[PDB]
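coords please:
(chains A, B, C, D, E and F, ligands or ions: 6)
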Amino acid sequence: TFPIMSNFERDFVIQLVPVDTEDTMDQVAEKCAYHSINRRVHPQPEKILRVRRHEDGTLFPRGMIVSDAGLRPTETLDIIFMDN
Amino acid sequence: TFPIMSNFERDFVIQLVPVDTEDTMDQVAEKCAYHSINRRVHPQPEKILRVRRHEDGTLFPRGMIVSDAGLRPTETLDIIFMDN
Amino acid sequence: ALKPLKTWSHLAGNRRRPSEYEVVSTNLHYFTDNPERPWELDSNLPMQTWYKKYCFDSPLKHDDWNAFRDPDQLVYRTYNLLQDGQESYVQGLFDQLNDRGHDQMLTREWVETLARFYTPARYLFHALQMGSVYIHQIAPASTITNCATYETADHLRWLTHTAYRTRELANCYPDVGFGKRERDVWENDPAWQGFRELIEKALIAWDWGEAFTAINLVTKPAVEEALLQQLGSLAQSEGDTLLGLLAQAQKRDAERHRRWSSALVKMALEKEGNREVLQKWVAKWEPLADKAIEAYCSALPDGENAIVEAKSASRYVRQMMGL
Amino acid sequence: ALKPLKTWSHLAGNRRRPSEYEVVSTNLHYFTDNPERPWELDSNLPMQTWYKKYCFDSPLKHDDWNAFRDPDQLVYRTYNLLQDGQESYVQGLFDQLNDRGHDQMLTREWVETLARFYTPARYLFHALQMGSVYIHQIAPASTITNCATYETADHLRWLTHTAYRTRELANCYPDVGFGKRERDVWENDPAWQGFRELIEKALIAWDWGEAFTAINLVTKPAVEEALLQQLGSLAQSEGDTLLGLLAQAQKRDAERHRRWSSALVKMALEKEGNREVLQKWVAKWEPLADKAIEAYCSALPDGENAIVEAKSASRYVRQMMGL
Amino acid sequence: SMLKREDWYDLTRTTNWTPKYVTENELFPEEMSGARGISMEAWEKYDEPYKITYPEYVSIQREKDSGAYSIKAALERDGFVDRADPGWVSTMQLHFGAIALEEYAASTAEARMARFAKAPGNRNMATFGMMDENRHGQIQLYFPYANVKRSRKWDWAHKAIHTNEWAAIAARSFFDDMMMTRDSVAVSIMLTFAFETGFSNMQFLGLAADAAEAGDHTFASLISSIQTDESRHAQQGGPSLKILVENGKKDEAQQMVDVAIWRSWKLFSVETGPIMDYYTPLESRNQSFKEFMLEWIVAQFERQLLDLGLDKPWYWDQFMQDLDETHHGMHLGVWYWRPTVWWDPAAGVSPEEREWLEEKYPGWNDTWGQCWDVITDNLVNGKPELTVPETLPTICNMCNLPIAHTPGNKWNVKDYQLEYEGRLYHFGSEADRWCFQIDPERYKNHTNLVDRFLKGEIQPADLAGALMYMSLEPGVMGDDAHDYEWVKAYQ
Amino acid sequence: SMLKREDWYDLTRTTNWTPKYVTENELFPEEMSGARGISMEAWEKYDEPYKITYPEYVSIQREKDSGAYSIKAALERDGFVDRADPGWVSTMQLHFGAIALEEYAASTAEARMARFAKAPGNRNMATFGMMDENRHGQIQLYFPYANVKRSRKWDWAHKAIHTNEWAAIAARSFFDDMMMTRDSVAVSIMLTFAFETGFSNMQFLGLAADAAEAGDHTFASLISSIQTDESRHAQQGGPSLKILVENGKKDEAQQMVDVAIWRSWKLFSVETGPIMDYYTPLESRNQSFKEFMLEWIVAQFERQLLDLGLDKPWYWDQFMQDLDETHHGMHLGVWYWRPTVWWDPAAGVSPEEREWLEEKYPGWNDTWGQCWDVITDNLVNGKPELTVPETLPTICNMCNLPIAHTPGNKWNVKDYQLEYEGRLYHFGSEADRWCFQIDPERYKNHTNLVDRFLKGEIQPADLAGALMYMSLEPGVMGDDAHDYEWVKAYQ
Ligand SMILES: [Fe+3]
Ligand SMILES: [Fe+3]
Ligand SMILES: [Fe+3]
Ligand SMILES: [Fe+3]
Ligand SMILES: [O-]
Ligand SMILES: [O-]
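Residues are numbered from 1 along each chain as shown, chains lettered A, B, ... in the order given. Ligands and ions are numbered 1, 2, ... in the order given. Next up is the structure itself:
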């Protein structure tokens, strides 16, 4: 259980999203989407949701878990649309 | 040329009507009608317009002329509907 | 089709956008539209006769009396702004001098002077109220009427001060007769009879121009110089600080009545014969004023001087108008 | 769903439909919602510390300061109705006494007394203005604050009278120094130093309860008894009628500050220990007041008597509060 | 400290003295005072029930204007008047023209009592009365003046009573009779009691409510403010009636009241009647003019009269019936002759309007409806010219209003004619004729508009002549207020 | 006779003396005075350009209230508020709650200068300033109080600033920063100059125009009256800036202005922005919020700054761009989280509204429109629950407002994060973060609503918990202002 700040692509606003230390980037992305996709952002199912650290642009692999990310509690995360 | 006051039947208001000393009651009636019939009173062509002196109810014959009526200038005249 | 105008049609050629005073005050009397029949009734009614005689046939003549303009330009709204100000001040005086026990501090002698010379003024003041209100109702133009309207309110204003202070004095000195004795003083005291005769007589001068002169040019400066100027000065020098201030206060109203009086006379002088008309009325009434100032001021301390001063100060009012 | 109410929710159990005074005045300060952090910022800001220390930690304590109610129940709207009335009266005085040449009539001796004892009061009065405005900003409840608000306006009111009359006096007597000399009088005249020390010291008592006592219960009655009561009486008996009335006028404001002061003390006495708290502050400051009344009144004519009278009249104010 | 009013009030009105250098009769000439042989001392019993003193007056009235005038300045730049119902605009244009200068004239009337009343109480109250109507006249000019650029009809707020337009004649006929040409006691009875206390107080209340309901708050504030001044001087008549009754003049007192009320009612029935039942929109209507008369005017009169020892006037039952009729006549007259007035009369005979009329007045469509039927067909059938007149109606020689009454199936229009000194007069009711008969010297050589027309005083002696004589030109001459839009309802 | 003001004015503010029984620093403690090492004598150069004296004040302001309060009493019983556009009602409910108690608080701020300014001119003006905000606070309570029976939302006029609802926190965050917790000179700069002279004066003008246009004259009169008090005390900052610049502190003076304007703008962009471009009806709209900012706010600031020897702030260009964006974010935030405020937010995205938005802001439908598209489909498609939130947005640690910016096709939402003493802060702009960095001791241990939530200070630690924490219950919790009626336009 770890607080992050979701900056979802094409949304207008950063949101508080509780995630889990055990979550994969994929599963971070899902938990984020919940609060943006179909609320204020259109789904893009030809696309894959990636997680990058907002401060410096660093892109996390789909598969890495939060524990290993080096995240400061409450850290802002960009949730972007990609093909890989 | 003689002023009278026309109290036309079924109208709401007495009006000033100039008549002629030479006029017949019939012709008084016509000159009166002009200002009541089709303005505020419905014609009654199964009927005959008679002239009576308003103050005392005296009915003048159709045929008598104003000269002979004993009228005070500005005298009020009832103009009523009759069959004879 | 008749176009909308920038202002009232009667004010339509002016160059200057009319003022509030002009918009609400001008060309309002209608009885002057039909000098043959002032009022919408039979023309031999006594009131037809009265206006014909005392308004229309006045020797004091002008082509366009509606042209008259109050120098102070008073309307009702600005009359009450002014006088509410001035009333706060005088009611202030009453409140605070009471608090301080000002009446207690006056001498027996001065208390006697007040009862003789001060209180009974309620009669003289109410008589001026009746005087100015008659001018109102017979003057030939609404702007003249209005001046008289407000001056009537001031006259009632003075009476009211006097009535109020009379209670206060009766409360402080119950054995003097304050409020009970004044009628007999007014009616029977030699000091008053000068004035009582002036005002009773003046009050039956029906002609509006003669009413205006008798009341506003002759009687008023005499009443004001004697009762406000001379009595107030005396009050002040006799330790009556309330009345010294009170009277100076009421003299503000007087100065204003003089201003409009002056304005009217200035206006009458545009027309040949009117100076002579006004001067003749003054010469008829001035003797009665002299008697008023004489009978009253002489019974005061330092009497002969009060007479001289008041005589020339009231005279002065008319000299400045050119009369 | 929350229902609409008959009145503000904080006033909801009352039985009596709240008044205007209650509706606009009550429970308005929000810095008292979080005594740990008064202001929506970091809690170690100097201003956090200042309110914690000088408002919250006051030895003068009550469970519900918001319960305080002005006896006069002043709101802004009724403050200006009142004082505009009172100002018409005083500006009336100025206008009409001028007209009459009141300043011209004063004696050389009394003109000297005015310059020494009257004019420099602009400094003392402005100091009270600063005094009451500090109470405003540190009192623990909006209804206490408001009382201080209006009293600050009155203090400015007195200063303004003084400033105005100082010009008039300078105009009438250009060789006296009126308007130029006052600072040096305030700063260097033995007659003033009593007060200057009282007020400079009082102005640095930051604790609100101590500020209230030092200013409203100790300093104010001393300033008012000496400068309004004793100087005004003197003015009156020395032929200065303006100042005698002026001072009586300003004393109306003083009586009102006393009324709310009294109300507050009455309220503090509901709580055990507060009489002792207030009495202790009074005993600390009363000596400085004594010095003020002594240094000032003694230099007046009939000096020893003015001291005795002012001492017991100011004392009297506090005795009646039960202190 | 201050005194309480009660303690010193009497001294304000302790002002009578016994003249000596002139005679009482010379100081208080009977024609102006109307003292009626009743002594000065007995007039001193006069005790106004509502008391006020100068400082109170100027203070209280200063605040009244502050308000009224701030409301106007606050609402001015929104210009409500540009989007008001036009029956409303008309109501306003009629009001100002009929009332403003007469209000101002009322100050002279007050001045009449202020100089000439033998009751000192009356003299003082009338001075405040005199100030009151100075206000009303003034404010009721200041207010309409905001609209002078919108239409020339607003100039009539000033001009109306300076013209010979028939309504202005009717107004002056009332007012000069009631308040300008009678002694002081008379004025106190006929104006302040009968007219102001009896009609114009309650009218002003209703007018303010209606203004509000219409969304005109400038006007609602105006009217309601003026109304708060009324009872201060309106009260003056009552005490006078008391003195008269208590001293041997109950009849004289009666007669003045009888005259004053009938004359008031007639003018009221052309000014207020039509407005209530025809100009104000159907859904804005609280009650009928008849309902308003019975509730707020008639009962009060009976109450007043009873408490004063007086009787209901002889014509009272007639007056009751006449509530079903008179004003419908007045409105039809005004509408039909609409080019002769300075506002746009509102027809008010749409179907929905007509059922309302039928409810408030059972028999209306059977009578008044008939005339309106003909008016209506004519307008449907593209003959609008038969809805405007070619002659002048008979004017009543008392009220100077058309002689009119029930039409249609219950025809009852009567002329109460009278021959007097070789001239024939015409009267719209028994009461109007009676007013002349009890005091003919007072009306005898007055001529109504029709008399003038007939005598050659109006030249050219045609309708266009009568229009110039009455100072009316296109642009102020009145037309249908809703521009005939209610006709579409019939096709 | 009376003196002319000019002749004696200076003596009113000739009140400084050299203390002797205490020390200057003790009488004028630096933390409260902010004298900045500049001498008493040099502060005496302070010359307010708008002068007034006690008797003038109480007289002029007596008339102002007479008006304002008469207008309210005159219009009360018509109850305009029951039939106003609900975006209007909302505008009012927001205004009162956000402003009333802060206005009252402003009198303390004024009191701050009145005791502690070394400029005697300032001390006196601030006393009048102190009276002014006593009024504003008072009147802005008296007025909403007329509506307490209509809805509990009106209680928020009083209650708002006593709660932890996020907007109230944002308000206090601004005000305590600007005016409650700074020395006297500081307040003169940051409040009276930057905020009142720079924003709230012109805002009040616009708000009064809009009130008028909406048909709410009680409110138009209210606002416009208050506005006439502004420059009297709003002027106080200018002279202070002059003294500071002329004496070696241009930078310190600069820095305060930079801080004061940015902080003002942020609060302005959530309070005024949304109202202009979304709550006021399309046909009632004179100009865009951006248009209003450029015309009436920005040019003036540049004028002011130039005349005072100061520079445009470092962020000025950013501020320009941000006019296209920030408030659209603020409005979307407010609307989406509408149960968390005390008024009903108006969506303002009907088709006609949307072309207007597109005109005033080219690119809007391509960006802001996107989010609203999804909101809209959802509401058409009977899924209203995806238009209300399940989490809390990121709050800026400076302005205490959501961190938000462009969405859609031009996505540019950024967080200006900062790690400081082992805590991570979040900032909605470069400027907000900079405000903390230049003076961190001042904000360091402050916690925004999100911080509180995260730390366990809000219990239960769910949304319903956060609602009670913020004192909000159904009945004040906000919903769509037009009750979704604009959705029908899309089916
Ligand atoms: Fe009237
Ligand atoms: Fe009246
Ligand atoms: Fe303010
Ligand atoms: Fe302000
Ligand atoms: O009236
Ligand atoms: O303000």
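
burial of the residue of the stretch 51-200 of chain E found nearest chain A, as a residue count?
Going by C-beta to the nearest C-beta, chain A is nearest to residue E:78 of the stretch 51-200 of chain E, at 38.3 Å. C-beta here means a position set from N, CA and C on the backbone, and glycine is covered the same way. Residue E:78 has 16 neighbours, counted by other C-beta atoms under 10 Å in any protein chain shown.

Over to residue E:238?
Residue E:238: 21 neighbours (other C-beta under 10 Å).

How about residue C:39?
Neighbours of residue C:39 using other C-beta under 10 Å come to 21.

Kindly report the same for the one 4 residues further on.
The burial metric for residue C:43, expressed as a neighbour count using other C-beta under 10 Å, is 15.

do residue E:491 as well
Counted with other C-beta under 10 Å, residues neighbouring residue E:491 total 7.

The stretch 151-300 of chain C against chain D: which residues are in contact?
For the stretch 151-300 of chain C, the contact set with chain D under C-beta under 8 Å from any C-beta of the partner chain comprises C:241, C:245, C:248-249.

Could I get those residues in CSV, plus columns for neighbour count?
Converted to CSV, these look like this (neighbours: other C-beta atoms under 10 Å in any protein chain shown):
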residue, neighbour count
C:241, 20
C:245, 24
C:248, 19
C:249, 21
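
filter those residues down to the ones near ligand 1?
Among these, not one lies near ligand 1 by C-beta under 5 Å from the ion.

Residue E:92 versus the residue of the stretch 51-200 of chain E closest to chain A, what's the distance?
16 Å (C-beta to C-beta, to the nearest Å).

give me the residue from the stretch 201-323 of chain C nearest chain F.
Minimum separation of the stretch 201-323 of chain C from chain F (C-beta to the nearest C-beta) falls at residue C:252, amounting to 12.4 Å.

Check which helix or strand that residue maps to.
Using DSSP states H and E, residue C:252 sits in helix C:241-268.

ok so, going back, based on its surroundings, how many neighbours for the nearest residue to the residue of the stretch 51-200 of chain E closest to chain A once chain neighbours are set aside?
If the residues on either side of it in the chain are set aside, residue E:78 comes closest to residue F:212, at 6.2 Å by C-beta to C-beta, 6 or more residues apart in numbering or on different chains. Residues lying near residue F:212 (other C-beta under 10 Å) number 19.

Contact partners for the residue of the stretch 201-323 of chain C closest to chain F?
Going by C-beta atoms under 8 Å, 6 or more residues apart in numbering or on different chains, residue C:252 touches residue C:86.

try 10 Å
Residues near residue C:252 by C-beta atoms under 10 Å, 6 or more residues apart in numbering or on different chains: C:82-83, C:86, C:89, C:154, D:95-96, D:99.

Can you check the residues you listed and name whichever has the most neighbours?
Busiest of the contacts of residue C:252 [other C-beta under 10 Å] is residue C:83, holding 25 neighbours.

Quick check: that one touching residue C:157?
Yes: here residue C:83 lies in contact with residue C:157, judged by C-beta atoms under 10 Å, at a distance of 7.0 Å.

any residues in contact with both of the two?
Jointly contacting residue C:83 and residue C:157 under the rule C-beta under 10 Å, 6+ apart are C:90, C:150, C:253, E:54-55, E:57-58.

Next, give me the two most distant ones among those residues.
C:90 and C:150 (17.0 Å; C-beta to C-beta).

Give me the more crowded residue out of those two.
residue C:150 (27 against 23).

Helix or strand: which one has the more buried one?
helix C:142-172.

That helix: which residues count as buried?
Within helix C:142-172, the residues that count as buried by 16 or more other C-beta atoms under 10 Å in any protein chain shown are C:142-170, C:172.

which ones are touching residue 74?
Going with chain A. Contacts for residue A:74 (C-beta under 10 Å, 6+ apart) come out as A:2-5, A:16, F:394, F:417, F:423-426, F:450-451, F:454.

wrong one, I was asking about chain C
Residue C:74 sits in contact with C:21, C:25, C:80-83, C:146-147, C:149-151, C:256, C:260, where contact means C-beta under 10 Å, 6+ apart.
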